[PDB]
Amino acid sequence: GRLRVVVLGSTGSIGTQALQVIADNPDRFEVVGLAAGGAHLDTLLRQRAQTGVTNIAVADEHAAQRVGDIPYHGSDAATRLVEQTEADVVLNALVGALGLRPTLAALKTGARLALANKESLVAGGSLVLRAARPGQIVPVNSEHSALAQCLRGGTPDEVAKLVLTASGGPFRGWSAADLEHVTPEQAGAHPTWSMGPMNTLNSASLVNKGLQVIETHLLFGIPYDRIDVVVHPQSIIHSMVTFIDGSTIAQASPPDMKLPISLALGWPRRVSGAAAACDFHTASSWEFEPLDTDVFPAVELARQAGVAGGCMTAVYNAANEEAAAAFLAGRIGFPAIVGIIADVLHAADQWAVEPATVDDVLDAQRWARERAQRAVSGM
């Protein structure tokens, strides 16, 4: 009853939290593989030494050289590790487009895919879906973990609406006027979670929410007009399902990713002590407010891309990555991230064709990146 776990992106936030869950629960889990990029070698060496796992992939060839003895090195190291390691669960916590091929490799093996890497579902679309058995993909993000728990509240035909919650970002309440003046560091701190410069920016622009709506449709098969977003500044309620009789079932916990991680690794079984529970011996308040879809149209823009289907969500994602890098570099303003997403989706006519192979997906992203660059060039 012990699950063999491959951890991809082991040195990041999710990767390290997942290793602590596995360390705490040797009854339930064992690490059998680690993959990293090569940029934090001290962490990875520390992880090799602490877990005793030598079955390691490192993307950067130079960093893998620097370390020596690494059995998998290069841009396909993570994919090859997954292909050649027997495991029950593959945790994909890699960042960006490079999570796609290791996602596809993992699905092919039969292992449960515990998915933090959103880009692989968002961009992979039906390519990833065709490769997956029912229930094989288990979401790691707290919103989707919340949804999966809440769906147990009824049969599938009893689902009326999925309700995703959003923190609302640092600029909740701000008008369009004052969104123009946002600096790369004003969008650099998140109220409840501590994440990377990209992932914290995606919370500020509401594109992380947009992307999660896409993932929600792809994970659970609920239509886009039945997936709602509500602003909940506290991030204690992580999501809800409303049923056909009027009942809403909600999931709540203090923000700690170890909870959704442990549940994604152990699914369907809950992992005793994974995280602290809500304390009802002290006063608290859960506030909800409607999202401002005029100032923050990134979610509706994600529905539009999602309804168009095929490779259009790959376009929505890839356009974001490029426009976001331009923001962090200092080349474009804050509102220009979503404005450029809009302009790129409007030109992306051809990319509504369903992908047959990874290259179709790769072809759409290439186009979107270029088109996104051309839009940046114009300002």
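Residue numbers run from 1 along the displayed sequence.
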(message) On mean Cα temperature factor in this entry, is 25-33 or 63-71 the higher one?
(response) 63-71
(request) Higher average CA B factor in the deposited record is what I'm after, so tell me if that's 143-151 or 191-199. (result) 191-199
(request) Go through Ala176, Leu301, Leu115, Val122 one by one and give the residue whose Cα B-factor in the PDB entry is largest. (result) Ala176
(request) Could you check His238, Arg172, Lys161, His217 and tell me which one carries the biggest Cα B-factor in the deposited entry? (result) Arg172
(request) Rank-wise, by C-alpha B-factor, drop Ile14 into the lowest, middle or highest third of its chain. (result) lowest
(message) Quick check on the deposited entry: does the C-alpha B-factor of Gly309 sit in the lowest, middle or highest third of its chain?
(response) middle
(request) Relative to the other modelled residues of the same chain, rank the CA B-factor of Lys258 and answer lowest, middle or highest third. (result) lowest
(request) Tell me, lowest, middle or highest third: where does the Cα B factor of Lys209 rank within its chain? (result) middle
(request) Using the B-factor values recorded in the entry, state whether the Cα atom of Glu289 falls in the lowest, middle or highest third among the modelled residues of its chain. (result) middle
